[PDB]
Protein chains: 4
Amino acid sequence: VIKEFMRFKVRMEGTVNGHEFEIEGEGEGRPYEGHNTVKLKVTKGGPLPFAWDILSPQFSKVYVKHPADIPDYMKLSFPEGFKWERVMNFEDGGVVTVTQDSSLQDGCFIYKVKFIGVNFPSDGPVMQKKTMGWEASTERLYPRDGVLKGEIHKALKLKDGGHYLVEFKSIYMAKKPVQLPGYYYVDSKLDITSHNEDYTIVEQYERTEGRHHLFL
Amino acid sequence: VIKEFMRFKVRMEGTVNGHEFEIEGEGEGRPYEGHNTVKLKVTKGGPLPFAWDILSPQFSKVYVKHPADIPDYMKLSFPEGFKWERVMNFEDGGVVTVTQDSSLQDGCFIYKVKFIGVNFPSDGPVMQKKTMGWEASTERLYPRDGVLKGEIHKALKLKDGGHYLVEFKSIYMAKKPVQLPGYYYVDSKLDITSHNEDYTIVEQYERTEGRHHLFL
Amino acid sequence: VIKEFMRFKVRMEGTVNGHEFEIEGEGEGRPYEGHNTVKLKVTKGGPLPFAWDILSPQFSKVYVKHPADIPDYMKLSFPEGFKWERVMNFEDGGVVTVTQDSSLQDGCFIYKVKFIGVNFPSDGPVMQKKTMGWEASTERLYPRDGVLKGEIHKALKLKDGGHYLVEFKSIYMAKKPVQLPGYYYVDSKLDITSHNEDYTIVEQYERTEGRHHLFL
Amino acid sequence: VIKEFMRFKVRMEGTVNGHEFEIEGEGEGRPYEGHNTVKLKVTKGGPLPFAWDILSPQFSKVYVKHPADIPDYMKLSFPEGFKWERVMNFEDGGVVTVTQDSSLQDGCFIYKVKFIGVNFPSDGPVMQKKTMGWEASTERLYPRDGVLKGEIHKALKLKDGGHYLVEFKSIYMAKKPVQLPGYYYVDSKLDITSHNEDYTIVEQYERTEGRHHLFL
């Protein structure tokens with residue numbers, strides 16, 4: 001089911017400080033290689049009155065390349081697929097909850113995302129759009145409650161210098177029982193490859209890979 | 001616009017640990033008296049596989065009775081009305097984000113709610129339904145970022161003894177500039193007055209009042 | 001043991017962002033009335049390079065006046081007395097942990113405090129001394145783990161307007177088993193009554209009382 | 001000042017849920033190689049009624065091996081040295097604040113540590129000693145407030161399976177202005193190499209190295 005080259009389609013319904021929007025996208029990648037790209041477009045509520053960056057990481061777990069000896073949980077879940085949940089805790093008080101459903105369709109992945117962002121200060125980096133993409137990150141994963149959980153200490157680069165910090169807490173839930181891995185790490189690097197002027201059309205590229213701690 | 005006896009209608013679209021649902025309700029109360037009731041019904045995704053209690057507080061700020069000398073922010077916002085946002089931080093890791101829109105229609109209030117609950121342990125009190133209503137609470141309010149903010153240290157009563165703690169962080173945003181109050185408190189008491197067997201039809205009653213700290 | 005008028009002595013060893021200090025004090029009050037005062041003096045590391053306010057609440061649980069029907073936990077612990085622990089979570093990242101021992105001596109209470117404050121931004125309100133006392137507060141108490149626990153959403157008044165928020169989490173531990181109360185509240189009001197120029201000599205007055213939620 | 005082989009001495013005064021203790025130790029290592037060992041002994045309040053593991057990471061930043069192009073902040077601070085501060089946030093509510101002073105003496109490093117642990121559930125893994133060492137970790141570092149800050153998502157291995165999670169937040173402060181680095185990572189692996197029966201005498205070995213994100 002999981003071919004060496006695959007594509008997906010995504011749809012997102014979001015709310016950021018009372019502001020509604022919807023996004024639609026299409027992406028594709030190399031599941032076994034840990035590469036993926038997606039092209040999104042704001043189909044409703046655009047142009048966004050906030051930093052696109054907070055939405056970026058919400059657009060593909062099946063493409064994480066894993067070592068032989070680390071169970072490939074998300075993949076294994078195929079083809080019934082899995083669900084994903086997330087909490088984003090911003091240093092200035094901003095809180096985001098995300099819920100996503102991942103399926104297989106006609107050979108194509110289908111991502112459905114729900115997103116709620118609240119408590120972002122009107123003058124902060126998200127509402128004032130002062131962010132300039134994320135630094136590359138390392139997620140710490142572990143099995144818990146019969147599912148796969150992971151946390152990341154991420155940071156957005158600030159247009160005028162410095163960083164705006166965000167802690168990610170995520171939950172990966174196979175739709176059918178599948179083998180869980182142990183304590184591991186996932187290195188990621190997401191880049192906004194291009195976008196129109198008002199961020200109503202954006203393209204991203206993500207490089208992501210699973211592994212053990214270097215000192216092991 | 002704000003008559004001494006009013007009614008409202010509510011609709012909620014929610015997600016709890018991957019589980020979708022929709023609720024519809026109708027309530028009514030005495031805005032100046034700080035009393036309100038609502039009757040809800042699960043119109044989609046029922047019966048809920050989780051504690052109804054976590055949804056309860058999401059079903060009416062305009063009914064808070066305020067003292068003469070404390071600006072009545074939510075009321076004042078009428079009739080354009082206001083928006084409300086919330087974060088619920090559960091002691092076991094559960095996180096909920098809520099976004100709500102409040103309007104005036106034909107003399108009737110209209111509440112629209114979006115809700116995302118994630119990271120609730122499968123064996124915890126929410127997913128296992130071991131809760132038995134909330135204790136009465138005291139919210140600490142203050143003006144910030146040109147809006148009204150409030151926090152509460154709440155607790156759900158556990159069927160078998162003890163409490164499950166939840167911290168509420170809320171943001172109230174007038175749709176038009178209106179007078180903000182200073183540092184104050186709001187005492188609340190929400191009761192599930194009745195419900196069918198599978199919590200698909202529920203009725204609540206809430207008593208809520210604004211005030212200054214007792215020692216002032 | 002707990003006379004209607006009593007006095008205590010206190011000593012504190014603290015650290016705030018790498019800065020050591022010691023304080024010594026003497027206070028006295030009316031345990032049954034919920035009033036107490038203390039006079040402190042910086043005996044080491046003064047004058048403090050930070051806001052005195054963060055130290056204030058660390059200087060007397062036995063003086064909380066309680067209603068007849070609410071067990072008087074701290075008092076009951078007498079005369080073996082009890083221990084108290086606390087976490088202070090500041091909105092800008094500042095974190096404080098406090099550990100205190102309370103005893104009875106020759107008819108006089110004896111408070112011993114250890115205090116560690118870290119992660120306070122160099123330009124924030126604590127390190128820049130922009131605070132102007134606390135607003136009056138309401139602590140939410142409950143029995144847990146065989147002890148008494150309480151949380152408060154507190155706020156320091158800012159010299160130039162606005163508030164700096166702090167969440168208190170405290171643990172009260174009787175040195176001998178004594179009767180615990182249920183879910184209750186404690187209203188407090190602490191005032192810096194006077195102080196020398198460089199805050200090396202300060203006097204505070206605290207009014208504190210236990211009670212049930214108003215709507216009960 | 002920083003020879004290729006150096007040794008240090010450490011002393012710690014701590015408090016864990018009302019329990020006092022003091023530790024003294026001696027260690028030594030290869031600063032440029034990122035290796036260090038220390039041998040500790042409980043000199044006061046032993047045997048500890050809690051998991052030794054929570055104390056372990058508190059016993060040597062100067063030994064982190066850094067790449068050529070990543071400023072060696074802690075080292076550079078020599079010989080005036082630096083201070084370090086930390087917050088440890090345990091998933092079950094446990095909170096620890098630590099403050100440490102690092103100096104150079106007669107060619108030997110001198111570490112002074114203050115430690116306050118509070119809110120650990122009586123039946124949790126720390127108070128019941130169910131931990132079995134830490135997994136290896138990755139700290140995310142960045143310059144902020146003119147100092148070096150870092151966060152880690154760490155985990156203690158549980159004797160009977162599973163993990164107990166802890167988030168570390170640390171602050172590194174050069175005693176004299178020195179060059180700060182940018183956004184980087186530090187991989188660590190701390191092992192309890194041996195200990196007596198009642199953890200009153202323990203030896204640890206730590207391997208730690210600085211680097212850039214793999215995908216850079």
Side-chain angles (χ1 to χ4, degrees), chain B residues 138 153 163 214-215, chain C residues 1-3 5-10 12 25-38 40 56-86 98-104 107-111 113-114 136-152 154 168-191 204-214 216, chain D residues 17-18 118-119 122:
Chain B
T138 307
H153 283 114
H163 297 274
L214 260 21
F215 296 178
Chain C
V1 264
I2 288 147
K3 4 305 174 207
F5 162 96
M6 325 256 320
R7 296 179 175 281
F8 58 97
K9 282 147 123 233
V10 67
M12 172 186 295
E26 307 210 318
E28 86 194 29
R30 293 186 81 62
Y32 322 74
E33 289 149 30
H35 281 302
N36 76 301
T37 64
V38 44
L40 300 304
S56 88
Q58 318 323 319
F59 305 112
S60 74
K61 273 166 146 273
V62 83
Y63 300 72
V64 178
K65 124 141 145 159
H66 284 90
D69 58 330
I70 299 175
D72 177 23
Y73 187 84
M74 252 69 87
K75 253 168 196 112
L76 325 167
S77 86
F78 279 107
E80 24 298 279
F82 54 110
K83 300 190 182 291
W84 81 259
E85 288 177 333
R86 181 185 284 158
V98 194
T99 199
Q100 192 268 28
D101 190 279
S102 290
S103 338
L104 231 170
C108 184
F109 294 125
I110 311 307
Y111 297 171
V113 194
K114 289 171 174 194
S137 62
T138 307
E139 185 174 21
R140 177 296 295 284
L141 307 94
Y142 62 91
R144 166 83 74 88
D145 203 37
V147 296
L148 191 50
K149 300 240 244 275
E151 294 80 27
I152 335 179
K154 281 181 69 27
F168 277 39
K169 308 178 134 304
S170 331
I171 315 94
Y172 310 101
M173 310 134 115
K175 268 133 142 188
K176 83 196 165 180
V178 320
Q179 161 80 327
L180 285 168
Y183 199 91
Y184 77 116
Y185 291 92
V186 165
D187 290 336
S188 336
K189 190 169 147 64
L190 188 160
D191 286 338
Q204 326 184 346
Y205 165 86
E206 176 201 36
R207 166 179 189 198
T208 186
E209 306 178 18
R211 78 165 155 95
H212 299 287
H213 184 283
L214 260 21
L216 296 186
Chain D
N17 276 17
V118 302
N119 214 8
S122 65

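Every heavy atom of this structure was used, including side-chain atoms; hydrogens, water molecules and symmetry mates were not. Per chain, numbering begins at 1; letters A, B, ... match sequence-line order.
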Chi angles and distances behind the side chain to side chain contact (heavy atoms under 4.5 Å, CB included) call for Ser102(C), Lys61(C):
CA-CA 9 Å; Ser102(C) 290; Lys61(C) 273 166 146 273; over 6 Å; no
Side-chain heavy-atom pair [X], [Y] within 4.5 angstrom cut-off:
X: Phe215(B); Y: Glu209(C); value: yes
X: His35(C); Y: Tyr205(C); value: yes
X: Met6(C); Y: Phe8(C); value: no
X: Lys65(C); Y: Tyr32(C); value: no
X: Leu214(C); Y: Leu214(B); value: yes

Looking only at heavy atoms, which two atoms of [X] and [Y] are closest? And how far apart?
X: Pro71(C); Y: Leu76(C); answer: CB-CD1, 4.4 Å
X: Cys108(C); Y: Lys9(C); answer: SG-CD, 3.6 Å
X: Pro181(C); Y: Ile70(C); answer: CB-CG2, 4.0 Å
X: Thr208(C); Y: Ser188(C); answer: OG1-OG, 3.2 Å
X: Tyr111(C); Y: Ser60(C); answer: OH-CB, 3.0 Å
X: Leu148(C); Y: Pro143(C); answer: CD1-N, 4.2 Å

Does the ring centre of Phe82(C) sit less than 6.0 Å away from the ring centre of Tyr73(C)?
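No, the ring centres sit 6.0 Å or more apart.
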Using the benzene-type ring in the case of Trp, are the ring centres of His212(C) and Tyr183(C) under 6.0 Å apart?
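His212(C) vs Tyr183(C): aromatic centres not under 6.0 Å.
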Can you measure from [atom1] ([X]) to [atom2] ([Y]) and round to the nearest 0.5 angstrom?
X: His153(B); Y: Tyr185(C); atom1: NE2; atom2: OH; value: 10.5 Å
X: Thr37(C); Y: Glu26(C); atom1: OG1; atom2: CD; value: 11.0 Å
X: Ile152(C); Y: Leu141(C); atom1: CD1; atom2: CG; value: 8.0 Å
X: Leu216(C); Y: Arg211(C); atom1: CG; atom2: CZ; value: 9.5 Å
X: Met74(C); Y: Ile2(C); atom1: CE; atom2: CD1; value: 11.0 Å
X: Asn119(D); Y: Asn17(D); atom1: CG; atom2: CG; value: 7.5 Å

Does a salt bridge link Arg207(C) with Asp187(C), judged by any charged N lying under 4.0 Å from a carboxylate O?
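No.
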If we check salt bridge (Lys or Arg N to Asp or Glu O under 4.0 Å) with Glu80(C), which of these qualifies: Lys75(C), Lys175(C), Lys176(C)?
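Of the listed residues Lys75(C), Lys175(C), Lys176(C), the salt bridge (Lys or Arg N to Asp or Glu O under 4.0 Å) partner of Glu80(C) is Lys176(C).
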Test side chain to side chain contact (heavy atoms under 4.5 Å, CB included) applied to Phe109(C) and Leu104(C), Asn36(C), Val10(C), the passing residue:
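That would be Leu104(C).
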Excluding sequence neighbours, so at least two apart, what forms side chain to side chain donor-acceptor pair (under 3.5 Å) with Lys169(C)?
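For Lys169(C) there are no side chain to side chain donor-acceptor pair (under 3.5 Å) partners, ignoring immediate neighbours.
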Could you walk me through whether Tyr184(C) and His66(C) pass side chain to side chain contact (heavy atoms under 4.5 Å, CB included), step by step?
CA-CA 10 Å; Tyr184(C) 77 116; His66(C) 284 90; 2.8 Å; yes
Indicate yes or no for a side-chain donor-acceptor contact from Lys3(C) to the backbone of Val1(C) under 3.5 Å, with no hydrogens or angles considered.
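A pair under 3.5 Å: yes.
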Main-chain N/O of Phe5(C) paired to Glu28(C) side chain as donor or acceptor, under 3.5 Å:
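Judged by distance alone, no pair lies under 3.5 Å.
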List in chain and number order the residues that pass side chain to side chain contact (heavy atoms under 4.5 Å, CB included) with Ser170(C), two or more places apart in sequence or in another chain; answer none if no residue qualifies.
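Result, side chain to side chain contact (heavy atoms under 4.5 Å, CB included) vs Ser170(C): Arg86(C), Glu139(C), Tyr172(C).
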Mind running side chain to side chain contact (heavy atoms under 4.5 Å, CB included) on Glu206(C) and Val38(C) for me, showing each step along the way?
CA-CA 9 Å; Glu206(C) 176 201 36; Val38(C) 44; over 6 Å; no
